[PDB]
Amino acid sequence: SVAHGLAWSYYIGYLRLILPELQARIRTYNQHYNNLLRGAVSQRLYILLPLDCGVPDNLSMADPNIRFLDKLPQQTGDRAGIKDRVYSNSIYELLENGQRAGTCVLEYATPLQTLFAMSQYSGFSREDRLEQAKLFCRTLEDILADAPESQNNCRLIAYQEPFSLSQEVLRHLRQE
Amino acid sequence: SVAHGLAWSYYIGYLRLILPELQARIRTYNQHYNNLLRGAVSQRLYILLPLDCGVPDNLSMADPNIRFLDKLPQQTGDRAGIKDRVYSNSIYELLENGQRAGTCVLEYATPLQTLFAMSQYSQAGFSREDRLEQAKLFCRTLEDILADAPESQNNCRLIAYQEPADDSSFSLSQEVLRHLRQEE
Ligand SMILES: O=C(Nc1cc(F)c(F)cc1C(=O)O)c1ccc(-n2ccnc2)nn1
Ligand SMILES: O=C(Nc1cc(F)c(F)cc1C(=O)O)c1ccc(-n2ccnc2)nn1
């Protein structure tokens, strides 16, 4: 049940705040900042849900075919006593054969780091961590399916390694 | 178990990251004479834990005697696929009789908003009583986490309070000043 609460926490504390302005920020980037010949940034927030709960800080460290392109225009807002809290979301090019194949706003679901931290060493086994990660994912899918902030503007990317993270994301980008 | 998990998720997801550099950033802010002449910033992160789980976005809206002053210079770092994620931490003056009595880095514990959002509308008997119990468990777990955590080196003060029914009888600025004066 901890992961059910973490999924709610992620929606209430982050996704409900970030999803409503996302379309407008992507449109700003596409119309004002993006070089003439660069491909458009895709319209969705792509959230990585590694079922192993491995959340590295740097996506280019995780797969060099995920290349940092630029920041979205920043979203600021008062939040829980932070005046003008800053959200500096990252845009990535997904490379195939050294060339851009897709461009998107991509990040990991941060609460998966809690499940990982509490099970990295051996109570709370790897199998228990997998079960919590799946519960997180199922709970978050149910929340977003019902949430008025989720309007074809978010895509959950849940995966288990048996692998290219870039190819996993591209399969989701190309399903749209 | 949810409150226990939220306390861990708050330490792992934020306090672990923000606490190690915080005193260096405050020290830097206080070394600017024009800042120090206004008043020294207290050398701790003060975390508000309203046990009702009510977490308004703007502290001056909560209590006009909590006056926004300034921001620490941004801390950036790569986090969970966010390149150079930005932490803009707010500094407040705490007023007594219209005058500065203290200056601090102050914010609400964000996961208390989840406890609240999940029970605000409940028609269950004892939903408010159950929420208060969850909030206390959250605070207890977080106190126990930070007692043991190497990032917590007399640099964090949890401010847990249950507000009275009577809105006018409670002053959040006074609640923070009580803590700020002990930390001194
Ligand atoms: O997951 C986040 N937040 C939370 C998750 C919780 F479960 C919770 F209880 C509270 C929060 C919170 O932030 O208060 C989160 C994720 C990405 C970014 N972000 C993206 C660009 N810059 C910052 N910011 N926050
Ligand atoms: O509580 C926060 N975050 C989280 C809490 C979680 F429970 C979790 F699982 C993940 C996060 C997360 O951020 O990923 C949080 C609070 C303050 C600020 N902040 C202060 C200035 N600018 C930004 N940022 N984040």
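Within every chain, numbering begins at 1; the chains are lettered A, B, ... in the order of the sequence lines, protein sequences first and strands thereafter. All values below were derived from every heavy atom in this structure, side-chain atoms included, with hydrogens, water molecules and symmetry-related copies excluded.
If you measure heavy-atom distances from A:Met61 to chain B, you find no contacts under 4.5 Å at all. For A:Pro56, the part lying under 4.5 angstrom from a heavy atom of chain B is the backbone only.
Under the 4.5 Å side-chain heavy-atom criterion for grouping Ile, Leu, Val, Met, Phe, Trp and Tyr, A:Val41 is not connected to A:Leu95 through any hydrophobic cluster. Two different hydrophobic clusters hold B:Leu137 and B:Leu115 under the rule that ILVMFWY side chains link at heavy-atom gaps under 4.5 Å. A single hydrophobic cluster is not seen to contain both A:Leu6 and B:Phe116; linkage of ILVMFWY side chains at heavy-atom distances under 4.5 Å, directly or through other members, places them apart. Hydrophobic cluster membership differs between A:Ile82 and B:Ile66, with clusters built from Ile, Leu, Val, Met, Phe, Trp and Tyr side chains linked at under 4.5 angstrom.
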Short of 3.5 Å, which donor-acceptor contacts do chain B and chain A share? List atoms and distances.
from, atom 1, to, atom 2, distance (Å)
B:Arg16, NH2, A:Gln113, OE1, 3.4
B:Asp57, O, A:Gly81, N, 3.0
B:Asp57, OD1, A:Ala80, N, 3.1
B:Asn58, ND2, A:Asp78, OD2, 2.9
B:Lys71, NZ, A:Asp84, OD2, 3.3
B:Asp78, OD2, A:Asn58, ND2, 3.0
B:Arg79, NH1, A:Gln113, OE1, 2.8
B:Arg79, NH2, A:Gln113, OE1, 2.7
B:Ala80, N, A:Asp57, OD1, 3.1
B:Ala80, O, A:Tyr108, N, 3.0
B:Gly81, N, A:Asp57, O, 2.9
B:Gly81, O, A:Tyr92, OH, 2.5
B:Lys83, N, A:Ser90, OG, 2.9
B:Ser90, OG, A:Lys83, N, 2.8
B:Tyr92, OH, A:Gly81, O, 2.6
B:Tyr108, N, A:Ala80, O, 2.9
B:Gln113, OE1, A:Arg79, NH1, 3.0
B:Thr114, OG1, A:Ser9, OG, 2.8

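Within the structure, salt bridge (charged side-chain N to carboxylate O under 4.0 Å, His left out) contacts touching residues 1-10 of chain A (residues at least two apart or in different chains) do not occur.
Here B:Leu51 is tied into one hydrophobic group with B:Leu132, each link being a pair of ILVMFWY side chains closer than 4.5 Å. A:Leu17 belongs to no hydrophobic cluster with other residues, because no ILVMFWY side-chain heavy atom falls under 4.5 Å from its own, directly or through intermediates.
Interface remark: of the candidates B:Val2, B:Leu106, B:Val86, B:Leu112, B:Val86 forms the most heavy-atom pairs closer than 4.5 Å to chain A.
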